[PDB]
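**Student:** fold the following for me, if possible:
(chains A and B, ligands or ions: 1)
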Amino acid sequence: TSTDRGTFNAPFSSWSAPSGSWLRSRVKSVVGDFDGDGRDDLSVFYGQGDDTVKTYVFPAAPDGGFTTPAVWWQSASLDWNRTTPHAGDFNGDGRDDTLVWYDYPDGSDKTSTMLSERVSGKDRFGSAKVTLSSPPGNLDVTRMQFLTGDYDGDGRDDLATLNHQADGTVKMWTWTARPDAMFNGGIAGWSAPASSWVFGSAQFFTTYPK
Amino acid sequence: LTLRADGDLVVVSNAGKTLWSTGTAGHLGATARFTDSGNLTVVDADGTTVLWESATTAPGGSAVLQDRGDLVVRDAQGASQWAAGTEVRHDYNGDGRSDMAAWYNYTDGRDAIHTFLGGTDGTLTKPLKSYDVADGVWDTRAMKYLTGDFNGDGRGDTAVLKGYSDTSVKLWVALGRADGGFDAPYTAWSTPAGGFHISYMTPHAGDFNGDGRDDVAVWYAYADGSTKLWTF
Ligand SMILES: CC(=O)N[C@@H]1[C@H](O[C@H]2[C@@H](O)[C@@H](CO)O[C@H](O)[C@@H]2NC(C)=O)O[C@H](C(=O)O)[C@@H](O[C@H]2O[C@H](CO)[C@H](O)[C@H](O)[C@H]2NC(C)=O)[C@@H]1NC(C)=O
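**Tutor:** Numbering: from 1, shown residues only, chains lettered A, B, ... in the order given. Have a look at this structure:
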């Protein structure tokens, strides 16, 4: 936890698991405020044996710790090894939700957005829909770094990347979010040749790893 | 389908109302004929002057008035070329007026189908229920509802496309009754699990084949982003 001096307190544990349960190698984690209770919390996209995806959420306790996780979303239609989850408020609800960037065998990729909602008193992520897509070979998911945020300040989170092009050029793209969580076309920003900015030699400051 | 003494060729429903006409009234002695060219026309008393035509071409074809409702001109290959459109959609009792029905899920787990019959002033009367079944008979979590005349009876039927917990799919059909109610659903089609999935299917009812019986088309969205239209 943080103090008013800008320093951190001693760490304390909360949620835990016995060995043989949660495997670190199968955990892709993101964070955000997924139920709008004013506290950020964790969610995990777990690789369920057959490489299906099951999403857990770990609500934050009032004391800063974490509570027992629950499943908010699951699908067997997509390969866990090809999913890179991201978190943010992509429709301006006041409560964060997630999208998954998917790298298809076809060489194309897409983003599927699952908006957070409460139905019959139960918190879960809604049905996934495609909000972004590209032609095959247009983007390589392993050659670009991702970071989300509200770049135009319109109250809806969106995502931007620094991608490494075939000719070594690095280019910024931003896809802003529409009121329905559909993305707009990418808008080009700053770019440079490899002689100035080396892609593989820089790491962005993020809110969650990878 | 009748040709009146006043020369006006008309189609009327079981309600006694006229659904379609050529408007060739006052031409007394006028006659309606189906030509060798495959078209249906109305000719004047002189046997020469044409007052109305479907303006179709289909040698070796025929004009058939279907039990489903409307009048359709078909070619030698059995393909429709023209139709008057004199039909009443989802008319469940066959009285010549469209009706509507709903699947009502009770909080106690049981369900039934309720039918609202059309009145003479276009209003909808109080519903009657039919096919009231006990709790546990249907697992009503993942099902889609269709209407249409799936038997060629002349009265509307209903159908339900449902997924099952084993990922299998079945399509149920229930025939319309003369009293406005429905009989028990029966399986009209089914597939083993791994074939079709209820989450991807988006069924539509209507007569797509033009064979005089309603059928089902599905806009199937694949997980890989591809799309296909399937017809049953
Ligand atoms: C959780 C999820 O994404 N489920 C899939 C699907 O979700 C949609 C969908 O059903 C539409 C149209 O019916 O209605 C809502 O939008 C649903 N959204 C939510 C958040 O529930 O729902 C189907 C479904 O059949 O309801 C899931 O398939 C599952 O349910 C069937 C029928 O009971 C059966 O139990 C299956 O075993 C079960 N299938 C699997 C593979 O677990 C959809 N599931 C997937 C994985 O796509």
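**Student:** pretty sure residue A:1 sits against residue A:39.
**Tutor:** No. Using Cβ atoms under 8 Å, residue A:1 is not in contact with residue A:39; the gap is 11.9 Å. Bear in mind the C-beta positions are built from the backbone N, C-alpha and C, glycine included.
**Student:** can you count the residues close to whichever residue of chain A sits closest to the ligand?
**Tutor:** The shortest separation between chain A and the ligand is 4.2 Å, found at residue A:127 (distances taken as Cβ to the nearest ligand atom). For residue A:127, the neighbour count with other Cβ atoms under 10 Å in any protein chain shown is 12.
**Student:** tell me the secondary structure at it.
**Tutor:** The three-state label given to residue A:127 by DSSP: H, G, I helix; E, B strand; the rest coil is coil.
**Student:** gap between it and residue B:136?
**Tutor:** 28 Å (Cβ to Cβ, to the nearest Å).
**Student:** and for residue A:89?
**Tutor:** For residue A:89, the distance to residue B:136 - Cβ to Cβ - is 42 Å.
**Student:** now do residue A:205
**Tutor:** 56 Å.
**Student:** more neighbours: residue A:89 and residue B:136, which one.
**Tutor:** Neighbour tally, residue A:89 and residue B:136, criterion other Cβ under 10 Å: the higher count belongs to residue A:89, 24 against 8.
**Student:** list the residues that contact the more buried one.
**Tutor:** A:32, A:95, A:96, A:97, A:156, A:157 (Cβ atoms under 8 Å, 6 or more residues apart in numbering or on different chains).
**Student:** close to chain B: what parts of chain A are there?
**Tutor:** Contact residues, chain A versus chain B (Cβ under 8 Å from any Cβ of the partner chain): A:77, A:78, A:104, A:106, A:110, A:130, A:133.
**Student:** let's see it at 7 Å
**Tutor:** residue A:77 (Cβ under 7 Å from any Cβ of the partner chain).
**Student:** up against the ligand, what does chain A have?
**Tutor:** A:74, A:75, A:76, A:77, A:126, A:127 (Cβ under 6 Å from any ligand atom).
**Student:** pull out the buried members of these.
**Tutor:** residue A:75 (16 or more other Cβ atoms under 10 Å in any protein chain shown).
**Student:** find the nearest non-adjacent residue to residue 152, please.
**Tutor:** Assuming you mean chain A. residue A:176 (5.9 Å; Cβ to Cβ, 6 or more residues apart in numbering or on different chains).
**Student:** sorry, should have said chain B
**Tutor:** Per Cβ to Cβ, 6+ apart, closest to residue B:152 is residue B:213, 4.4 Å.
**Student:** quick one: neighbours of that neighbour, just the number.
**Tutor:** Residue B:213 has 17 neighbouring residues, counting by other Cβ under 10 Å.
**Student:** residues contacting it?
**Tutor:** Residue B:213 is in contact with B:68, B:149, B:150, B:151, B:152, B:207, counting by Cβ atoms under 7 Å, 6 or more residues apart in numbering or on different chains.
**Student:** quick check: the residue of chain B most remote from its centre vs residue B:4, distance?
**Tutor:** Outermost residue of chain B with respect to the C-alpha centroid, by Cα atoms, centre = their mean, is residue B:46; its distance is 38.9 Å. Per Cβ to Cβ, residue B:46 is found 19 Å from residue B:4.
**Student:** next one: residue A:195
**Tutor:** Residue A:195 is 90 Å from residue B:4, by Cβ to Cβ.
**Student:** looking at those two, which is more packed in?
**Tutor:** The residue with more neighbours, out of residue A:195 and residue B:4, is residue B:4; 14 against 8, by other Cβ under 10 Å.
**Student:** just give the nearest non-adjacent residue to that one, would you?
**Tutor:** residue B:10 (6.3 Å).
**Student:** what's near enough to touch that neighbour?
**Tutor:** B:2, B:4, B:18, B:20, B:21.
**Student:** helix, strand or coil for the fourth one?
**Tutor:** Think residue B:20. The three-state label given to residue B:20 by three-state DSSP is strand.
**Student:** quick check: residues of chain B near chain A?
**Tutor:** Residues of chain B lying near chain A (Cβ under 7 Å from any Cβ): residue B:223.
**Student:** can you tell me which residues in chain B are near the ligand?
**Tutor:** So chain B meets the ligand at B:141, B:142, B:163, B:165, B:167, B:198, B:199 (Cβ under 6 Å from any ligand atom).
**Student:** who wins on neighbours among those?
**Tutor:** Ranking these using other Cβ under 10 Å puts residue B:163 first, with 21 neighbours.
**Student:** now that one: phi and psi?
**Tutor:** Phi and psi for residue B:163, reported as degrees, to the nearest 10, are phi -90, psi 160.
**Student:** that one and residue B:144 touch, don't they?
**Tutor:** No. Contact criterion Cβ atoms under 7 Å: residue B:163 and residue B:144 do not qualify, at 9.0 Å.
**Student:** ok, the helix or strand where residue B:112 lies: who's next to it in the sheet?
**Tutor:** Residue B:112 belongs to strand B:111-116 when assigned by DSSP states H and E. Here strand B:111-116 is paired, per DSSP bridges, with strand B:100-105 (antiparallel), strand B:128-133 (antiparallel).
**Student:** follow-up on the earlier one: and of the residues of chain B next to the ligand, the nearest to chain A?
**Tutor:** Closest approach to chain A among the residues of chain B next to the ligand (Cβ to the nearest Cβ): residue B:199, at 8.7 Å.
**Student:** that closest one falls within a strand, correct?
**Tutor:** No. Using three-state DSSP, the assignment for residue B:199 is coil, not a strand.
**Student:** quick one: contacts of the helix or strand harbouring residue A:72?
**Tutor:** Take DSSP H and E as the rule and residue A:72 turns out to sit in strand A:70-75. Outside strand A:70-75, the residues within contact range by Cβ under 7 Å, 6+ apart are A:52, A:53, A:54, A:55, A:56, A:57, A:114, A:123, A:124, A:125.
**Student:** which of those sit farthest apart?
**Tutor:** The most widely separated members of the contacts of strand A:70-75, counting by Cβ to Cβ, are A:52 and A:123 (21.4 Å).
**Student:** now the contacts of strand A:70-75 in JSON lines, with neighbour count and secondary structure?
**Tutor:** Output for these, formatted as JSON lines (neighbours: other Cβ atoms under 10 Å in any protein chain shown; DSSP: H, G, I helix; E, B strand; the rest coil):
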{"residue": "A:52", "neighbour count": "15", "secondary structure": "coil"}
{"residue": "A:53", "neighbour count": "22", "secondary structure": "strand"}
{"residue": "A:54", "neighbour count": "17", "secondary structure": "strand"}
{"residue": "A:55", "neighbour count": "23", "secondary structure": "strand"}
{"residue": "A:56", "neighbour count": "19", "secondary structure": "strand"}
{"residue": "A:57", "neighbour count": "23", "secondary structure": "strand"}
{"residue": "A:114", "neighbour count": "22", "secondary structure": "strand"}
{"residue": "A:123", "neighbour count": "16", "secondary structure": "strand"}
{"residue": "A:124", "neighbour count": "18", "secondary structure": "strand"}
{"residue": "A:125", "neighbour count": "20", "secondary structure": "strand"}
